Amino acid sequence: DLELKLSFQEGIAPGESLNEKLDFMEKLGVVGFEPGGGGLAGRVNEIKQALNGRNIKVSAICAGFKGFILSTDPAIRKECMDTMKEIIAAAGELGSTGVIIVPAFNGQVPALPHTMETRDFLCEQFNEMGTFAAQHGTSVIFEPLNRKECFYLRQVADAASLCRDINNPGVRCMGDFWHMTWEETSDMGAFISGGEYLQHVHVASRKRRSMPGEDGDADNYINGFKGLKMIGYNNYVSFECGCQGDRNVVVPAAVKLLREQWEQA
């Protein structure tokens, strides 16, 4: 009886305003809304007010911070910490499951070397953001990406181990089915390793990163869904993807597909 809690990033639903998109999401029973972190503090009232009376809640906050935490430049690491804290505080007000963060993209250089001593440093920095997140009633969430976008953190099991070592309820992780296609031999095993640390999930079609279903037989999430069920996953599965067809047609088709696959898992 575990529920699939679907969520959408802000650009997913058709509509000319935030309220039109939310109406569309309510029609489909999509219960999570995932905004970007950019300017979030200034959007708290807008978002709260649009959600009032709806069966929709803020799920994760997708990034939005400046700089990156593995820069060799302490000023850039501080920029990342400071901008993350601004977002975290707004995320807390919005009841968010947490703020998504990539430690370093490929092109974010110069970066600290990929060594154990750097990993310890990352864990310390994340412990500091997590303590702040927890005070604000939220978390920070490591996102692994595939090799085309990052090398540092690519697999859910790696992110989960970081979280276990940090041992902070404000420090969690996630898996993105797009990235997992390229970096996980098993979506199920990855999510199982995620376990109690798995705070969010991203979903997209698995060849073109468009709406689930637009890549036909490649868009198979059953193995991952079996992992989510085995861990009792109770957070959101949120769309982060493009769109090839007519959004009024393909968005509902994606929701239908994920629900069918959830039932089969």
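Residue indices: 1-based, along the sequence shown.
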Next on the checklist: So, looking at the entry's B-factor column for Cα atoms, which has the higher mean, 189 to 197 or 108 to 116?
Outcome noted: 108 to 116
Next on the checklist: Comparing average C-alpha B factors as deposited, tell me which of 156 to 164 and 74 to 82 sits higher.
Outcome noted: 74 to 82
Checklist entry - Highest Cα B-factor in the PDB entry belongs to which of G53, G224, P35, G213? => result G53
Checklist outcome for this item: Max C-alpha B-factor within the set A204, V58, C62, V237 falls on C62
Next on the checklist: Ranking every modelled residue in this chain by its Cα temperature factor as given in the entry, which third contains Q264?
Outcome noted: highest
Item to check | Chain third (lowest, middle, highest) by recorded CA B-factor, residue given as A254 | outcome: lowest
Checklist entry - Based on the entry's values, in what third of the chain does the Cα temperature factor of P169 lie: lowest, middle or highest? => result highest
Item to check | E128, C-alpha B-factor rank within chain (lowest, middle or highest third) | outcome: highest
